[PDB]
Structures are given as structure tokens and as C-alpha cells.
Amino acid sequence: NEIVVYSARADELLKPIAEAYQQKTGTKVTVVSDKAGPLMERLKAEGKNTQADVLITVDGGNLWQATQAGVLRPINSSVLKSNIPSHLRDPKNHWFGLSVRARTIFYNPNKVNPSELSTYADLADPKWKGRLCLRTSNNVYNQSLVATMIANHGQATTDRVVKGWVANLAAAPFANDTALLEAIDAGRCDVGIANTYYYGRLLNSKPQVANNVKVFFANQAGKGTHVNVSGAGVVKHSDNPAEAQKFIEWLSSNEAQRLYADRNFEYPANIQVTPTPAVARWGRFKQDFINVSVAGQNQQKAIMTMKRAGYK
């Protein structure tokens, strides 16, 4: 048999996964790779005559939008409910987180003592004026972070925080997270907010970056560090729904979690799978247990909040 995977991940990430599943089961896995937005738009327009069987995409915001657009079908999977924590999967069973990333604080340890750091909100303290850098608001990772901030602390408080962030910028918001981390390394930025896997990716490419850039897990005294996922669900109009389901269930297993999360310097979604050592070295941390689908429910609120605060 054969299944088709629509994937918002990099093609090189899914290539060994498709091959390893084909070797284990004999099923041919065809990967169709595109940006999350255009991919979901294609899946919606193909309708009942779609070739896709599985959707893999990034960020609870995009998974929520795929669910709202009606392109996924809910599945009752005993295996996925056991292997994936409830806060990392759709409450109505449309999709399942398969890798975990944290969006958290980074700092230059030659210029900032970690005792100076605590929460996302404290980055709006005037002591950070001219020292903070951020990635652009026009990005799902920042929409999701701000979306959970609104859920955890309210709209008024979040408006004040994000407005304080912008007042404290040392530079205009960067186009991507990696540019932001490299600007901390360059000395332009003393503190910033980005996804952990880019830091692992950057240290892998340039280990000396560690001299000027360190990770700090935010909000440990409160609800925990913001986390998000990449995830997968069975497409509503799949022609092989049972085989599509057995692929996602396998992705949640020990062997596939290594291939899927570790290779991109992300955390496994399955808590019985220990993080790769490059990632685990950063240390243990309390993560937020809010259901990451809130990243989508509050996405429009977040977009309006960042626009209102002048967060470009």
C-alpha cells in the first residue's frame, strides 16, 4: 500500500522518516512538502478528491487553523492518547503533537546574570531599555506565545507587556529567530526571545556561539515556559484513513520520536523518550500545561495585540 504525507517540515527531516517506516512496514510513504499556509490551502481546495492522507504541520496555531477549516478528521487512538500528553494534542482528537519546542529567553551570559531574568513580562521592565531584541510579530511562533500570554494573564496585562517590549528594543525586530540569536552573539542584543531548536541548530553549526548566547527557561515560578508543537492528523477525505492513523501512531513511538524530534533539536512529545543530549544539556524546566490549541483560539487576539503595541 501507499500513503501521502503533506508536510510543512523541511524535506530532509521527513526523508529518513518515510524511509524508516517503509522499511518497517512495507508501506510507501510519499512526502509532499510546502509552507504550512499554502499546504493547508491546497489541502482545503483539493476537497473530497485529495491524494493526501496525513497532514504534518508546525505550531498549534496552524494545527488549530487546519481544524477550523475542516480538513482533518478526528480519530480515537488509544496509542496516541497514551504516548502524547493531553496538553500537546487536539482536545477533539483532530491532531497530535509529535515534537516539542520552547519559545523562551536567551541572554548573553557575559552581560546578564540569570538572576536578572524571570518572566516574559519582566522583559518589559525599563531596566531592559535598549537591550531587548525580538523576532518579527509577523510569525506564528510569536502569535502563539502572545496568544497564551493573553490566556494566562489577560488582555490588559499583555497589552502592557508587549508595549513595554517594543519600548525596550535595541533594534528593529528580526526576520527570523536565527538572525536574532546571531545578533545576541554579535553584541547588538543582550536578551531576546526565540525557539529552542534554532539555538541547538546554531550551536551545532557554531559551538562558540555558546560563549555569548545562553538559554533561560522563563516563568518557572508561575505556569511554566511556553511550549509549542509540530503535529499531525489524518486528513478528512483520506482514502487510507486506517493506514494514515497507523503512521501517526508510529511517529509517537520511541524509535520514530528520535528521528523526528532529536534530528531538529526539538524535545520529544512522548515523555518516555529522553531528549537528545544536545537538548537535554540545557537542563530540566517546568513547561506550561495549557493546551497548545489555545495558540490558535487566541491567534486573532494576539495579532491585534502586537499591532496595537507597534510590534512590527
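In this text, residue numbers run from 1 along the sequence as written.
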- Could you settle it for me: does 237 to 245 or 127 to 135 have the higher average Cα B factor in the PDB entry? 237 to 245
- Item | Mean C-alpha B-factor comparison - 60 to 68 and 276 to 284, higher one | 276 to 284
- From the list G231, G154, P74, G200, select the residue with the highest C-alpha B factor recorded in the entry. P74
- Here the Cα B-factor of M304, set against its chain, lands in the third termed middle
- Task: Rank-wise, by C-alpha B-factor, drop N113 into the lowest, middle or highest third of its chain.
- Result: middle
- Item | Entry-reported Cα temperature factor of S205, expressed as the chain third it lands in | highest
- Of the three thirds of its chain by CA temperature factor, lowest, middle or highest, which one includes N211? middle
- Note on the structure: Sorting the chain's modelled residues by C-alpha B-factor and splitting them into thirds places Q143 in the lowest
